[PDB]
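Before any comments, here is the structure.
Throughout, a chain's letter reflects where its sequence line sits, starting with A, and its residues are numbered from 1. Atoms considered below: every heavy atom in the structure, side chains included; atoms not considered: hydrogens, waters and symmetry mates.
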Amino acid sequence: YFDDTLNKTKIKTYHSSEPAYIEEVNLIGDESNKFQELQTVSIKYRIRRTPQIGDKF
Amino acid sequence: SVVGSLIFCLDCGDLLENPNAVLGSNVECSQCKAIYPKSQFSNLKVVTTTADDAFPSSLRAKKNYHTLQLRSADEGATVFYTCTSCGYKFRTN
Amino acid sequence: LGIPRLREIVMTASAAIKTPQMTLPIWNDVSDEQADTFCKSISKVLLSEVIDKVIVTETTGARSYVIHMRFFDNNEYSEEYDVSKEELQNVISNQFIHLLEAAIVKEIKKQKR
Amino acid sequence: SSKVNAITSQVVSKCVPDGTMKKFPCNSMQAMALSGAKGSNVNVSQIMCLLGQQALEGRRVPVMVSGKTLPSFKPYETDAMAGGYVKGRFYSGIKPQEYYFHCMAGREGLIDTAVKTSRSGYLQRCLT
Amino acid sequence: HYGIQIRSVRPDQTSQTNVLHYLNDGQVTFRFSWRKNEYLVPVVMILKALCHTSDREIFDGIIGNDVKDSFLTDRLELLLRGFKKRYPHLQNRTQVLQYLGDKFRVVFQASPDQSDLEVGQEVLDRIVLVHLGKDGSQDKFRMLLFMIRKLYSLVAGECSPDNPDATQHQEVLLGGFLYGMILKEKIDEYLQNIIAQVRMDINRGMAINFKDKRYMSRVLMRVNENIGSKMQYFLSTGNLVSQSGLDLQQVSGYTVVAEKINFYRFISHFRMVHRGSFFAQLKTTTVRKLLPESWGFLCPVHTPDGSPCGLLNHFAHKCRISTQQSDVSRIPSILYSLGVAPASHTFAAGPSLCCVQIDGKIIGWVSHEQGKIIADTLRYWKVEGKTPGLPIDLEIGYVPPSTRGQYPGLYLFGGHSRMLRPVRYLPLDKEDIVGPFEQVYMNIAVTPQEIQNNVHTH
Amino acid sequence: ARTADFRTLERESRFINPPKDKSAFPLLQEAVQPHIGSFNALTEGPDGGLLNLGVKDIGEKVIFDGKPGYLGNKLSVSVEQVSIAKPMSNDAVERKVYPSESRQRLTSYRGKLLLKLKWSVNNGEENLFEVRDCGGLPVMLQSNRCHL
Amino acid sequence: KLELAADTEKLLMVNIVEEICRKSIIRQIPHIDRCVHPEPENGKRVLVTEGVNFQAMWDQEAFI
Amino acid sequence: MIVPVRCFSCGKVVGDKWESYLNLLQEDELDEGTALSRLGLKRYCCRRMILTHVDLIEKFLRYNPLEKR
DNA sequence: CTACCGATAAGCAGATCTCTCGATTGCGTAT
RNA sequence: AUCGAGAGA
Ligand SMILES: [Zn+2]
Ligand SMILES: [Zn+2]
């Protein structure tokens, strides 16, 4: 996102030690009658849980 | 009117005052305002007994068919048989 | 036993423990019958342990009470507790009646308020 | 409980290991029990002979206010099975009533283990 | 330490508990709680406020034909004489109601227009035996006499303490009824908020007019109306923020998050019933025991291990919970046909007669043998769906006479929150529905191979 | 016979084409019957429902104004009808909002709560009725206040 | 027979009498609740009393 | 979900047999044992893979976000 | 005849391995 | 940061 209060483009960051794949990205628009910009986006991750040594069966 | 240690007025149905806590020959109902002479109130004998369980002591210690009644006692019991070989069921009265 | 007793002993050192007991060695010349008789004559016996039933005939004809006390048979309670007629009469005359009067007067003073 | 435990002891001492089909050392169940690798003669007896009396809080199974210990049993039923005596083994399976009683006992055991895992935690620090 | 606790519930499914403590001096006190505050009241004061009754009526109601029970007679003499000596005045129900109204004015936020007599009638209608509802003062009087008899039997040792933690004496708060109760409470607080807003208007600015639509719309805009937001807060947090307090113990953790780890977890979320957060922080472990009263209602196996063991138990998969009030109106008509003497002109008491009671309301009196016959007949006609007055769900909770066991009587139940399970009625071989209260007295074989003659009925 | 059986063919058919008449496995819904019935009973049933019964039981709470025995004009506000609406949206004519939309939006699935206040003054001289929105009341799925 | 003033109210006279009968002792030695004779374990024959009072048992040297 | 291409225990390719198994169950009145035998699955390790497959992808496929419903 | 020391009924202070997730003050007020 | 639900030994 580009910030006008900073005049610089800032990114977020995947904050998790376990890597994942992007499953789906949902664009959610606010229900208010006015037509604002995009402000809420939902991002889903997919994690491959291959059975390894230590996990319970 | 009088049962055990309680005296009730014949008309009002109210519990009269304790006979020995009132003036002589006159006890007054709190609602009837009636008159009951202190006669015929000789013995207010109330006899009690211990709990029969308040004294735990070692001596104390040392001392297919299914008949059924449906309507009343007068009518006879109804037996609801059920054979197990065939599953046929019937009732006998 | 277990954790409760370890608590009583080493965690708080209670002067009043739940089950205070003391062991009494016996002389080798004392028969088991004599030991049992000694145990009976040492163990406490309340007045309620010889009472069969109590009948209170309250009459207000000045408010009286006739507290009849019924005991077990003598050849039963004397055998069970080693308590005789004389000791029973003594305790009734000295302590039981006194405690009864004390309780009655305390209740009377309570009912005034 | 004393009488039915005497009967249980009779059964197990009679039927193990004389009545077993596969015998030691071929019988790995008895091999584990006797060898001390896992289990015990109690577990072997419960699997192979019977489960015995179910003891709850140092007593038998609780009894409702009507004298029935379970809906299946008539009031004041003088029978060992009613009071919790399981004449069933994990090899052959237990009836519904005995299953209910064994669930009572297992729940009590789980509760006791959960309490005992830390009932003695303050004492160590108070001493140390 | 004796007492009698009854959890009466209003027709809108709101609860009000009324206890009857016993004092060693012979007097019985009535305890309730309007807001989060407990209040004590002599039982004879309410017994006289309920209806125009004398002292002989109370005596002949609490004592039946057993005038020779010195225990009962002495307790009753002490109770009546103590009331008459502590309150020498109040010789009439009008005076008793006026005294009650004077006692409870600030606590109830009664309006100044409300007379003391009608405030006493209001506390009577909102406190004592709410399930009988308004216009049921005679029924409340009879039920209070029954409860006093039962308390005296309990202290005399002729009755056993009903177990609060046994499933025989429990039901389940369905969680939608809780939603309805909280909604009722929130709209009540909304009404109080608008009243307080017009109160502040009165105290600040003289410009008022209770006939002005502009004034109404202007004052409503100054109150908070987000009842939906308050409900969302309750669902999100679990906290039961109540200004008055419900009849429940805990205040938090009422809503769990339905986890979706798998379908087994999800489906078991909707079958679990909890004892409460109170018993999690405790040491006594008699409430976690698996009991025979849960046979067919609570699962013997499904219960977590660790802290919530014995408290977070689940229902049997065939355990049905009644969410609707059964048609009970014509059952009293059926009972009078069987032999039940009407409870208006019978004058009977004591645990020597069967107290036929429907949904917490006395219907009549009958002997114990005839009460057993009536229970059997009601079961027969309930399973055989011919008689239109008996729903299949009716819970015929009969209790027979014993020696120092439970209090005898015929206790028919209907209505919400009951626990029900299907069991096969052996005569005429049809499905029957039984509840925990009646189950503990009926023989229910577990397999058709083990039916015993003249023993099992189901 | 067979003690049990894989129902392979009917399982595959029911997977490919779901039923149109009624859901199979009736026992799967009798499990959640208590919750659904509890929520349904507060907006339907005899006597109008639990919410209507509760607002009837609450009654009216009155106040006076003190204007000139005679305390002034009364104000007996009360509620006699509570209605729950199946959730809608205004995005005009209101549409239907579904729990799939509620989950996707990461917002609640709540209907609209309407109470008609009874602004009575002076024991019925005149009554100023008015219905009013009271925020969004969350509703439980598969209940009579849900589109499903 | 017991008697009281007429002005007094009614008394239970069963509960208090029962409490007094529980309280009053016939024959007790201080702090000793019960002395019992368990089976002789480890060979030695011992008695165990509920409650500790050493100086009260020093007097029964003929048996202890 | 979708038929496993290879049997877990041994490795015999059973992924090409699910449709033929369904056909053998549907057209012919063959039970599961006879159908598995005719498909060439001898070891019970191979038999279980096709006998117990659930094929949940059919239920997964009805939620298609790329098609007007 | 009153001061001082016990002595039981009452009041008051206090602890009883790791890890996830979810939720977060009510009105009032002067423009 | 705090209090509620749950989980592992
Ligand atoms: Zn009178
Ligand atoms: Zn294979």
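- The E:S236 side chain lies nearest to I:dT24 when the options are I:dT24, J:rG6, I:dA15.
- Whole-Å rounding puts the D:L123 CG to I:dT16 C1' distance at 12 Å.
- Projected onto DNA chain I by closest heavy-atom contact, E:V257 and D:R119 fall at different nucleotides, the more 5' of which corresponds to D:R119.
- The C1'-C2'-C3'-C4' dihedral of I:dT16 is positive. Its furanose therefore counts as north.
- By the 30° and 60° cut-offs, the orientation of the rings of E:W34 relative to E:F108 is tilted.
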(message) Quick one, F:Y98 with F:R103, criterion side-chain hydrogen bond (donor to acceptor under 3.5 Å, both in side chains). Give me CA distance, side-chain angles, the key distance, then yes/no.
(response) CA-CA 9 Å; F:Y98 286 96; F:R103 296 189 194 98; over 6 Å; no

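- In the set J:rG6, J:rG4, I:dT16, the nucleotide with an atom closest to the side chain of E:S252 is J:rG4.
- Residue E:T255 is out of contact with every strand shown, counting any heavy-atom pair closer than 4.0 Å.
- RNA chain J is contacted by both E:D305 and E:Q250; E:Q250 maps to the nucleotide lying nearer its 5′ end (nearest heavy atom per residue).
- One can place CZ of E:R265 at 12 Å from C1' of I:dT20, the figure rounded to the nearest angstrom.
- Under 3.5 Å, the side chains of E:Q192 and E:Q243 contain a donor-acceptor pair of N or O atoms.
- Residue E:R204 places its side chain closer to I:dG28 than to any other of J:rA7, I:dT16, I:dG28.
- For E:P308, counting side-chain heavy atoms from C-beta on, the closest listed nucleotide (I:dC27, I:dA23, J:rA7) is J:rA7.
- Candidate nucleotides J:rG8, I:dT16, J:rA7 were compared by shortest atom distance to the side chain of A:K56, and J:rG8 ranks first.
- Following rounding to the nearest Å, E:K260 (NZ) and J:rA5 (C1') show an atom-to-atom distance of 19 Å.
- With rounding to whole Å, E:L311 atom CG is found 12 Å from J:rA5 atom P.
- If you check I:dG6 for Watson-Crick or wobble pairing at under 3.5 angstrom, you find it has no partner at all.
- Taking atom P on both nucleotides, I:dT25 is separated from J:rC3 by 15 Å, rounded to a whole Å.
- Separation of the P atoms belonging to J:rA9 and I:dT20 is 16 Å when rounded to the nearest angstrom.
- Rounded to an integer number of Å, the gap from CD1 of E:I261 to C1' of I:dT20 is 10 Å.
- Rounded to an integer number of Å, the gap from NE2 of E:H274 to P of J:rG4 is 14 Å.
- With hydrogens and angles left out, the side-chain atoms of E:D247 and E:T17 include a donor and acceptor closer than 3.5 Å.
- Considering only side-chain atoms of E:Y233, the nucleotide from I:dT29, I:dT24, I:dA15 that sits closest is I:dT24.
- Nucleotide J:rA7 has I:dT18 as its partner under the Watson-Crick or G-U criteria, with both atom distances under 3.5 Å.
- Between E:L235 atom CG and J:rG4 atom P there is a gap of 18 Å when expressed in whole angstrom units.
- Residues E:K230 and E:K283 both approach DNA chain I. Their nearest nucleotides, taken by heavy-atom distance, put E:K283 toward the 5′ side.
- Checking I:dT24, I:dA15, J:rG6 against the side-chain heavy atoms of E:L312 singles out J:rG6 as nearest.
- Between the side chains of A:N26 and F:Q104, at least one donor N or O sits under 3.5 Å from an acceptor N or O.
- In this structure, E:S277 reaches the J:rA5 phosphate: one of its side-chain N or O atoms is under 4.0 Å from OP1 or OP2.
- Taking the six-membered ring for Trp and thresholds of 30 and 60 degrees, E:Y179 and E:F234 have ring planes inclined between 30 and 60 degrees apart.
- Whole-Å rounding puts the E:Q243 CD to I:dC27 P distance at 12 Å.
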